[PDB]
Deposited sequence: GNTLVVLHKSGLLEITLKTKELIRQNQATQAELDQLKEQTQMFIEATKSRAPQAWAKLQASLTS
């Protein structure tokens, strides 16, 4: 009856909330990584460029 004890203890609910928060936070890290690369590309461009064209196509 481990699933029952997990539920009645409150830890089922908390574990589920924590897994969803981890998912969200990993999604946000992927968004940040892409934004980092786009920013760096944009800054590089202002100081060279057609490297923008590849992205903006």
Q.
List the gaps, meaning deposited-sequence segments with no CA coordinates, ordered along the sequence.
A. 1, 50-54, 64
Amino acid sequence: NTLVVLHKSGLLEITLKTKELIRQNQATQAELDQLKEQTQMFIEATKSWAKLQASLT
From here on, numbers count along this sequence of modelled residues.
Q: Decide which of the stretches 29-37 and 14-22 has the higher mean C-alpha B-factor, going by the entry.
A: 29-37
Q) Mean C-alpha B-factor higher for 5-13, or for 39-47? A) 39-47
